[PDB]
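# Topology and contacts: notes
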Amino acid sequence: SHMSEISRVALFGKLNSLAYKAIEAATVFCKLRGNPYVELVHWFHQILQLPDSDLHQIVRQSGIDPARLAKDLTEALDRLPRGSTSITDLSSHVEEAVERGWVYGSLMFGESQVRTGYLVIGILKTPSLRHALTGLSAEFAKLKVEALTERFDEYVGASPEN
């Protein structure tokens, strides 16, 4: 039944419009490339294609080299398996990141929607997701979750997710 496991419609339904539209864009990109799963690297690459976001600002305020990050994400994308003839699906890590972003957004910040900065915090607080993230770029080892949780507004500045 619909009540055996948490549904994607409920889980992803907690995303704000920027994050959810970027899941959609990531799916379209993933499919064009023939990659078998929509992954964190597709989602983060699509978020960084926008004019601005929490992720842009967190990169800036954390002292990450955004050009290096862009290089690393492009290279990770180019290395994914291609020519998938299977039906595309979402990576388990993308589902898990939304759950952890909901936990921190709703409990730590008292907020009804998950913005991309809460996705970053939820990832950093989960060892398997943090390992996946740094696997995409060693730049993400520069993130400091204690700073990001205590000084969130300073890190996200004038992000449109405000």
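Each chain carries its own residue count, running from 1 in the order of its written sequence; this scheme can depart from the entry numbering, and residues that have no coordinates do not appear. Excluding hydrogens and water, the side-chain figures rest on all heavy atoms present in the structure.

## A closer look at the overall build of the protein
Using the following cut-off: Only DSSP runs of H or I with at least four residues qualify as helices, and only runs of E with at least two residues qualify as strands; both kinds are numbered from the N terminus onward. For a compact globule the rule gives 2.2 Å times the number of residues to the power 0.38, and the radius of gyration it is set against comes from C-alpha atoms.
The number of helices and strands found in the protein is 10 helices and two strands. Shown N-terminal to C-terminal, the secondary structure of the protein runs as helices and strands in the order α-α-β-α-α-α-β-α-α-α-α-α. For 162 residues, the compact-globule formula gives about 15 Å, and the C-alpha radius of gyration of the protein, at 15 Å, lands near that figure. In terms of overall dimensions, the protein has a C-alpha envelope of 45 × 40 × 30 Å along the principal axes.

## Quick word on the pattern of salt bridges
Any two side chains of opposite charge can pair if their charged atoms end up close together. Keep this limit in mind: Salt bridges are defined as contacts in which a side-chain nitrogen from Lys or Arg sits within 4 Å of a carboxyl oxygen from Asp or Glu. For each residue, the accessible area found with a 1.4 Å probe, counting protein chains only, is set against the maximum for its type, and the residue is called buried under 20%, exposed over 50%, and partly exposed in between.
The final tally for this structure, using the stated rule, is 10 salt bridges. Among the ionic pairs, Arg8 bridges to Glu95, the shortest N-O distance being 2.8 Å. You can see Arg8 sitting in helix α1 (residues 8-12) and its partner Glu95 sitting in helix α6 (residues 92-108), a full 87 residues away along the chain. By relative accessible area, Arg8 is classed as partly exposed at 36%. With a relative accessible area of 26%, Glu95 lands in the partly exposed category. Between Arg82 and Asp78 there is a salt bridge, and its shortest N-O distance comes to 3.6 Å. Residue classification places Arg82 among the exposed positions, given a relative accessible area of 52%. Given the relative accessible area of 39%, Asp78 is considered partly exposed.

## Focus: helix α5 (residues 66-79)
Spelled out, the test is: The length a helix should cover is 1.5 Å for every residue beyond the first. The arc in question is traced by the directions running from the helix axis to the C-beta atoms. Two residues qualify as a contact provided that any one of their heavy atoms is within 4.5 Å of a heavy atom in the partner residue. Contacts described as polar in this section are N or O atom pairs within 3.5 Å, which, within protein, must combine one atom able to donate a hydrogen with one able to accept it, while residues neighboring in sequence count only if both atoms come from side chains.
Here α5 contains 14 residues, and its C-alpha end-to-end distance of 20 Å stays within 8% of the 20 Å for a straight helix at 1.5 Å per residue. Every buried residue of α5 is listed here: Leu69, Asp72, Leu73, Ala76 and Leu77. Down the axis of α5, the buried set is contained in an arc of 135°. They therefore lie on one face. Looking at α5, the residues exposed on the side facing more than 90 degrees away from the buried face are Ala67 and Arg79. Contact partners of the buried residues in α5: α2 (17-33), α3 (40-48), α4 (54-61) and α8 (127-136). A distance of 2.9 Å separates the backbone nitrogen of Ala67 from a side-chain oxygen at the start of α5, and that oxygen is part of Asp65.

## Thoughts on the environment of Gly13
If you trace the backbone, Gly13 turns up in the loop between α1 and α2. If sequence neighbours within four positions are ignored, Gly13 has contacts with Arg8 and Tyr20.

## Regarding the packing of aromatic side chains
Note the threshold: In summary, the pairing rule links any two rings of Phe, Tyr or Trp, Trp by its six-membered ring, whose centres are within 6.5 Å, and it sorts them by plane angle into stacked for under 30 degrees, edge-to-face for over 60 and tilted for everything else.
Counted by the stated rule, this structure contains five aromatic pairs. Here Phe109 and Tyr118 contribute two aromatic rings whose centre-to-centre distance is 4.7 Å and whose plane-to-plane angle is 15°, an arrangement assigned as stacked. Under the relative-accessibility criterion, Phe109 is labelled partly exposed at 22%. Both rings, one in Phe109 and one in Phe152, keep their centres 5.0 Å apart while their planes meet at 50°; by these two values the pair is tilted. On the criterion of sequence distance, the pair formed by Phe109 in the loop between α6 and α7 (116-124) and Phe152 in helix α10 (residues 152-156) is long-range, its members being 43 residues apart. Among the aromatic residues, those joined into a cluster by ring pairs are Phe109, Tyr118 and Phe152.

## Topic: the packing of α4 against α7
Here is the rule: Every axis corresponds to a line fitted to the C-alpha atoms, with the helix fit spanning only the stretch in contact, and the corresponding angles, defined between N-to-C directions, vary from 0 to 180 degrees. Oblique is the label for any angle not covered by the other classes, which are roughly parallel (under 35 degrees), roughly antiparallel (over 145) and roughly perpendicular (65 to 115). Classification convention: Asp, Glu, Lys, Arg as charged; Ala, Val, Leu, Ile, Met, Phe, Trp, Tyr, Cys, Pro as nonpolar; all other residues, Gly among them, as polar.
At a closest axis distance of 7 Å, the pairing of α4 and α7 adopts a crossing angle of 60°. Looking at the two axes, α4 sits oblique to α7. For the pair formed by α4 and α7, the contact residues are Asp54, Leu55 and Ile58 on the first element and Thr116, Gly117 and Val120 on the second. For the contact of α4 with α7, the residue count by class is three nonpolar, two polar and one charged.

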